[PDB]
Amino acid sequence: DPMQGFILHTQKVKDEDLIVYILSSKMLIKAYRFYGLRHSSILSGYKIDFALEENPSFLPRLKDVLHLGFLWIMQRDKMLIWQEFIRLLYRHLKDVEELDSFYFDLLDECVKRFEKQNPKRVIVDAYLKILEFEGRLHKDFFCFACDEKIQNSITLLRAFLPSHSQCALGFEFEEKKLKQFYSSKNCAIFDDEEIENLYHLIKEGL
């Protein structure tokens, strides 16, 4: 039975084999690939079609691997950003087994949007969806530190946690624009430098 997934991480084992961590629509899989170091289809961030052979008391063996390429796979700039996000997502999901199809479907949509959109903008939009799906999005701007309302200029920290600029160091964004971003799920309201700063917050960890 074929399955599809995104490779989130690989680790060399034995001479040329790989342990391959794969996000599917049902599960984060930890699988064993014979001679995986030789296989140009097996790289973090790649999407694959594959099958699994179950093994008693051991990892499933990764078989029947077909690389599902991206239209933009040759653009090293975009692939760098993609692999940064994938590594952040691996660390976020590292201890998870079963999970919602949300995560696989989110990555599928990112890959599509990567064709024509700015990769950092796509990741910023995607992270907003992760926060909302996990119930971690603070749409009310109450300061994490002093518990008071924050108005007009909002400081954001890791995981878009809100603060007064006088209460914590982070990056500042206009309230009206953050509200538009959170409502529309579209970071188009922010200019390029604001996107860069949201992306720096994402790189603190999901």
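Don't overthink the numbering: it's just position in the shown sequence, from 1.
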(request) Decide which of the stretches 140-148 and 42-50 has the higher mean C-alpha B-factor, going by the entry. (result) 140-148
(message) Quick check: 107-115 versus 72-80, which has the larger average CA B-factor in the record?
(response) 72-80
(message) Among the choices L66, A159, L62, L28, identify the one whose CA B-factor in the record is greatest.
(response) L66
(message) Highest recorded C-alpha temperature factor, please, choosing from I22, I189, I19, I195.
(response) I189
(message) Considering every modelled residue of the chain and its Cα B-factor in the PDB entry, is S153 in the lowest, middle or highest third?
(response) highest
(request) Place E132 in the lowest, middle or highest third of its chain's C-alpha B-factors, as listed in the PDB entry. (result) middle
(request) Sorting the chain's modelled residues by C-alpha B-factor, tell me whether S57 ends up in the lowest, middle or highest third. (result) middle
(message) Please say which third, lowest, middle or highest, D100 falls into when its CA temperature factor is compared across its chain.
(response) middle
(message) For the chain shown, is the CA B-factor of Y35 in the lowest, middle or highest third of its modelled residues?
(response) highest
